[PDB]
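Chemist: Here it is, the structure, as structure tokens.
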Amino acid sequence: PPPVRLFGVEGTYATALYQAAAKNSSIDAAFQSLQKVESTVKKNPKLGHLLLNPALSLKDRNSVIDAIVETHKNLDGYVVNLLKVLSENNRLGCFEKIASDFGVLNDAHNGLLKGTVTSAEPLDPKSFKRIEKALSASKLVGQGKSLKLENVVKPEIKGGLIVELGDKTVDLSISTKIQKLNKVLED
Amino acid sequence: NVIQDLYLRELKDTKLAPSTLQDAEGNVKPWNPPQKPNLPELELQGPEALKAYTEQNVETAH
């Protein structure tokens with residue numbers, strides 16, 4: 001079965017969509033349409049995102065689907081079969097969730113990886129580049145896979161860095177070292 | 001790094017916290033000496049007792 005299996009419902013949907021469109025080898029098309037519909041949900045911010053709430057019927061839901069393919073009939077069609085399915089299963093609150101999840105699967109198929117450099121403050125671009133280079137250089141990025149290394153600001157972590165990718169982290173941060181230090185002086 | 005910073009800061013800026021031997025004395029039991037060497041009293045000193053005893057118990061052994 002296609003690489004990367006995202007456990008959990010709604011990602012059971014994503015997995016299905018992913019695997020189905022991988023076997024139809026039209027993942028770029030799917031992804032593109034998913035971005036577009038995700039965008040048109042976001043760009044229908046009231047009265048089409050604020051009515052993803054359940055309350056509507058099956059029959060009222062069907063007319064929501066019709067409105068969705070009315071906004072742009074540039075949809076892939078496998079994702080239109082998915083839209084019907086989501087209507088029938090009467091969930092669409094986790095629609096963009098499924099889209100995001102498909103995105104993870106898709107960009108895994110592309111090979112793209114995401115990382116993180118949580119810090120208390122946004123670091124040098126030099127630091128960003130050096131780490132991206134380093135990670136690509138290191139076996140940590142296997143290559144044939146890319147790194148969107150994202151520094152995030154988490155003031156809660158005081159100074160430091162934590163490099164993250166592939167569920168493998170190196171955490172050289174001041175807070176954590178301080179924790180161990182405080183503890184060693186409680187002895 | 002941070003280890004060095006802490007090590008330096010900690011050691012340098014106060015090594016020991018204040019302490020006073022005099023204050024300690026109040027909180028501990030002080031040595032105090034035993035009272036009296038004592039001498040045992042002369043038990044049944046002299047024949048005052050004996051003369052008394054011979055008379056007192058002239059009791060025979062049957």
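Chemist: In debye, nearest 20, what is the charge dipole magnitude of segment A:19-160 about its Cα centre with +1 on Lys and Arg Cβ and -1 on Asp and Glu Cβ, if you could check?
Modeler: Computed about the Cα centre, the dipole is about 340 debye.
Chemist: Also, quick follow-up: On a straight-distance basis, which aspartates and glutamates could pair with A:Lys139 in a cross-link, Cα separation under 18 angstrom, same-chain partners fewer than 8 positions away excluded?
Modeler: Of all the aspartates and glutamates, those that pass the test against A:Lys139 - Cα under 18 Å, at least 8 places apart if same chain - are A:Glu164, A:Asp167, A:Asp171.
Chemist: Output the pairs from A:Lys97/A:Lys168; A:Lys154/B:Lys12; A:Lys42/A:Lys97; A:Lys158/A:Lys183; A:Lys145/A:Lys168 with a Cα-Cα distance over 22 Å in this structure; if there are none, say none. Kindly include the intermediate steps, with their values, before the conclusion.
Modeler: Details: A:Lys97/A:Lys168 25 Å; A:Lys154/B:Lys12 32 Å; A:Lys42/A:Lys97 13 Å; A:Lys158/A:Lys183 17 Å; A:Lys145/A:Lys168 16 Å.
Listed pairs above 22 Å: A:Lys97/A:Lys168; A:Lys154/B:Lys12.
Chemist: Find which of A:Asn90, A:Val69, A:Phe31 sits farthest along the positive direction of the dipole of segment A:17-96, computed with +1 on the beta-carbon of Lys and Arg, -1 on that of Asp and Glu, about the Cα centre.
Modeler: About the Cα centre, the residue reaching furthest to the positive side is A:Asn90.
Chemist: Let me ask you something else. Through the Karplus equation 6.51 cos²θ - 1.76 cosθ + 1.60, θ set to phi - 60°, convert the phi angles of segment A:151-157 into ³J(HN,Hα) values in whole Hz; use x for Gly and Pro.
Modeler: With coefficients 6.51, -1.76 and 1.60, one gets 7, 10, 9, 9, x, 4, 7 Hz.
Chemist: Name the residue farthest towards the positive end of the dipole of the protein assembly as shown from the options B:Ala52, A:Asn182, A:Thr116, assuming +1 on Cβ of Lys and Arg, -1 on Cβ of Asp and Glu, about the Cα centre.
Modeler: Going by the Cα projections, it comes out as A:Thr116.
Chemist: So what's the angle, to the nearest 10 degrees on a 0 to 90 scale, between helix B:2-13 and the longest Cα principal axis of chain B?
Modeler: Tilt relative to chain B: about 60 degrees.
Chemist: Taking the simple approach of a point 7 Å from Cα along Cα-to-Cβ for both A:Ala55 and B:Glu59, what is their distance in nm?
Modeler: With each label placed 7 Å out from Cα toward Cβ, I get 11.6 nm.
Chemist: Using a 10 angstrom Cβ neighbour count of at most 15 plus a DSSP loop assignment to flag exposed GluC sites (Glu not before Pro), which longest range of chain A is free of such sites?
Modeler: Details: sites that count: A:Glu150, A:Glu156, A:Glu186.
The longest uninterrupted stretch comes out as A:1-149.
Chemist: Something else now. May I ask you to list the GluC sites (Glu not before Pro) in chain B that are in a DSSP loop and have at most 11 other Cβ atoms within 10 Å of their Cβ?
Modeler: Of the GluC sites (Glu not before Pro), the ones in loops of chain B whose Cβ has at most 11 other Cβ atoms within 10 Å are B:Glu41, B:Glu43, B:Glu59.
Chemist: Treat every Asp and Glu Cβ in chain B as -1 and every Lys and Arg Cβ as +1, leave all other atoms uncharged, and give the resulting dipole magnitude about the Cα centre to the nearest 20 debye. Numbers along the way, then the final one.
Modeler: Working: 6 positive and 10 negative charges, 94 e Å.
It works out to roughly 460 debye.
Chemist: What residues have an amide H closer than 5 Å to that of A:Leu113, excluding those fewer than 5 places away on the same chain, when H is modeled at 1.01 Å from N in the peptide plane?
Modeler: Answer set, sorted by chain and number: A:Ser146, A:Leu147, A:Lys148.
Chemist: Next question, about the same structure. Just to confirm the filter: which chymotrypsin sites (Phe, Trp or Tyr not before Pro) across chain B are DSSP coil and have at most 13 other Cβ within 10 angstrom of their Cβ? Show your work: numbers first, answer last.
Modeler: Details: sites: B:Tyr7, B:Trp31, B:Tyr53; in loops: B:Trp31.
Taking chain B and a limit of 13 other Cβ atoms within 10 Å, the loop chymotrypsin sites (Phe, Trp or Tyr not before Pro) found are B:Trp31.
Chemist: Using the Karplus curve 6.51 cos²θ - 1.76 cosθ + 1.60 with θ = phi - 60°, work out ³J(HN,Hα) for each residue of segment A:122-129 in order, rounded to whole Hz, and write x for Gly and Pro.
Modeler: x, 8, 4, x, 4, 4, 4, 5
Chemist: Now for a separate question. Roughly how big is segment A:123-187's charge dipole about its Cα centre, with Cβ charges of +1 (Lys, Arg) and -1 (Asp, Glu), in debye to the nearest 20? Walk me through the numbers on the way to the answer.
Modeler: Details: 13 positive and 9 negative charges, 66 e Å.
Roughly 320 debye, rounded to the nearest 20.
Rule-based calculations on the coordinates, nothing more; no lab input. As a convention, Cβ positions derive from the backbone with ideal geometry for all residues, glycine included, and neighbour counts pool all protein chains shown.
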